[PDB]
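Offset between the first sequence (1-based) and our numbering: plus 256.
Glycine residues also receive a C-beta, built at the ideal position from the N, C-alpha and C atoms.
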Amino acid sequence: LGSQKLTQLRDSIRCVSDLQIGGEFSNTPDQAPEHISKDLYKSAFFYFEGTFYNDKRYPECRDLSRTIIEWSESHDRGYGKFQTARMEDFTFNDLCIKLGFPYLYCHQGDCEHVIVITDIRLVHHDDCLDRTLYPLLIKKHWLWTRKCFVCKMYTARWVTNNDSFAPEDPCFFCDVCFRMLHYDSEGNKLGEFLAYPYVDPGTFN
DNA sequence: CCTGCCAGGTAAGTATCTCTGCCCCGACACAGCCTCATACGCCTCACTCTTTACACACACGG
Ligand SMILES: [Zn+2]
Ligand SMILES: [Zn+2]
Numbered sequence: 257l258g259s260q261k262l263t264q265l266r267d268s269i270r271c272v273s274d275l276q277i278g279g280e281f282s283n284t285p286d287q288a289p290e291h292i293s294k295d296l297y298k299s300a301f302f303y304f305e306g307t308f309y310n311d312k313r314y315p316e317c318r319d320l321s322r323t324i325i326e327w328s329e330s331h332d333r334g335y336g337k338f339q340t341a342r343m344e345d346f347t348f349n350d351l352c353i354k355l356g357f358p359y360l361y362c363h364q365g366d367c368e369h370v371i372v373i374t375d376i377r378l379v380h381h382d383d384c385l386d387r388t389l390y391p392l393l394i395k396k397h398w399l400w401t402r403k404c405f406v407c408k409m410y411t412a413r414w415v416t417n418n419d420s421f422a423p424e425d426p427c428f429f430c431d432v433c434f435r436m437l438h439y440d441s442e443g444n445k446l447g448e449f450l451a452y453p454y455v456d457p458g459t460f461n
């Protein structure tokens, strides 16, 4: 919406980089997920027409745009001049943008999201007209779902590397069999493996 | 212990090239401008058969 106040679009974009509980569980089969990446690294920014808009809300945030400026001032590699804003006071229709032209949304540091604007049209009925649900993700890709590699009847809850039983190196196991190729009879490691929690983005967001 | 003329056979002759040193050279670098010509390279696009996933359907059989 043209008054939706960015940091509202930001808080609503359903990516899976706002998931993926970190940490390696190689000796902890049953571990409480302490913090999803959404909670930990709340910093993010929108790049729009030279200017940056940094999510300065949530003072556990930081300035991800800063880094870029650091090498646009020294050793100019294209891109000339740059600017930065706060993204919190700024709402939509406060910008000076092009349509159909790629712009950036970087959240969680390295996930990059292109923010092409398809078209600006005035409000008209035959739509919701609501405000609560208004960001309104109306299309999504229906991605593929990574299933377990031992059995094919469940999804990939666990990703293991350097395993001692996995044919492939990054091997995706459902929780059932993951508990059965490792962690035997007391929940103690078998062989060697680095097991990380997998979110299976075909399922989420 | 040598020495030689004649017949027969043969034969002419005419008629109808591969190195090898060696002086007197072209083409290398490389300088700016400059215009158009040629080559390379790299990522974005296409597509195409062949699976790949996934909601749904439909007998099937006793
Ligand atoms: Zn993301
Ligand atoms: Zn399994």
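Inset, instruction - Taking only runs that begin and end inside the segment 413-439, name each unbroken alpha helix (DSSP H) of 4 or more residues, in chain order. - result: Counting only runs of 4 or more, we get 431-437.
Inset, instruction - With hydrogens ignored, establish whether the beta-carbon of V406 is closer than 8 Å to any heavy atom of ligand 2. - result: Between ligand 2 and the CB of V406, the shortest heavy atom gap is smaller than 8 Å.
Inset, instruction - Check whether the Cβ atoms of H397 and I269 sit closer than 9 Å, and answer yes or no. - result: no
Legend entry - Classification of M343 by the beta-carbon crowding that lies within 10 angstroms, buried from 16 upward: buried
Legend entry - Cα-Cα separation, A412 to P426: 11 Å
Legend entry - Where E316 sits in the DSSP three-state scheme: coil
Inset, instruction - Sort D375, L360 and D366 by Cα distance to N349 and report the nearest one. - result: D375
Inset, instruction - Return the chain-ordered ranges of every beta strand (DSSP E) run that is complete within the segment 341-383 and spans a minimum of 3 residues. - result: 360-363 and 367-370
Inset, instruction - Would you check if the distance between the CB atom of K294 and the CB atom of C317 is smaller than 9 Å? - result: Contact: no.
Inset, instruction - Compute the minimum distance between the beta carbon of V272 and the heavy atoms of ligand 1, and state whether it is under 8 Å. - result: yes
Inset, instruction - For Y454, count neighbouring C-beta atoms within 10 Å of its own C-beta (all shown protein chains included) and say buried if the count is 16 or more, exposed if not. - result: buried
Legend entry - Three or more C-beta pairs below 8 Å linking the segment 282-294 and the segment 305-321: no
Inset, instruction - Check whether the Cβ of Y335 sits closer than 8 Å to any heavy atom of ligand 2, and report yes or no. - result: no
Inset, instruction - Check whether the Cβ of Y439 lies closer than 8 Å to any heavy atom of ligand 2, and answer yes or no. - result: No; taking the cut-off as 8 Å, the Cβ of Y439 has no heavy atom of ligand 2 nearer than that.
Legend entry - Residue burial classification, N310 (beta-carbon count within 10 angstroms, cutoff 16): That one is buried.
Legend entry - Cβ neighbours of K445 in the same chain (closer than 8 Å, five flanking residues each side left out): Beyond the five residues adjoining it in sequence on each side, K445 comes within less than 8 Å, by CB distance, of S282, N283, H438 and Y439 in the same chain, given in chain order.
Inset, instruction - Examine ligand 3 and report whether any of its heavy atoms sits within less than 8 Å of the Cβ of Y454. - result: This structure simply doesn't include ligand 3; it includes ligand 1 and ligand 2 instead.
Inset, instruction - Excluding the 5 residues preceding and the 5 following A422 in the sequence, name in chain order all residues of the same chain whose CB lies nearer than 7 Å to its CB. - result: Only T416 meet the Cβ criterion.
Legend entry - Reduced DSSP category for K261 - H, G, I as helix; E, B as strand; rest coil: coil
Legend entry - Delimiting residues of the alpha helix (DSSP H) encompassing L296: Where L296 is concerned, the enclosing alpha helix (DSSP H) stretches over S293 to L296.
Inset, instruction - Can you have a look at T388 and say buried or exposed, based on whether 16 or more other CB atoms are within 10 angstroms of its CB? - result: Within a 10 Å sphere around the beta-carbon of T388 sit fewer than 16 other beta-carbons, which makes this residue exposed.
Legend entry - Contact belief for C271 with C362 at Cβ below 8 Å, rounded distance in angstroms: Their Cβ separation, rounded to whole angstroms, is 11 Å, which puts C271 and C362 out of contact at 8 Å.
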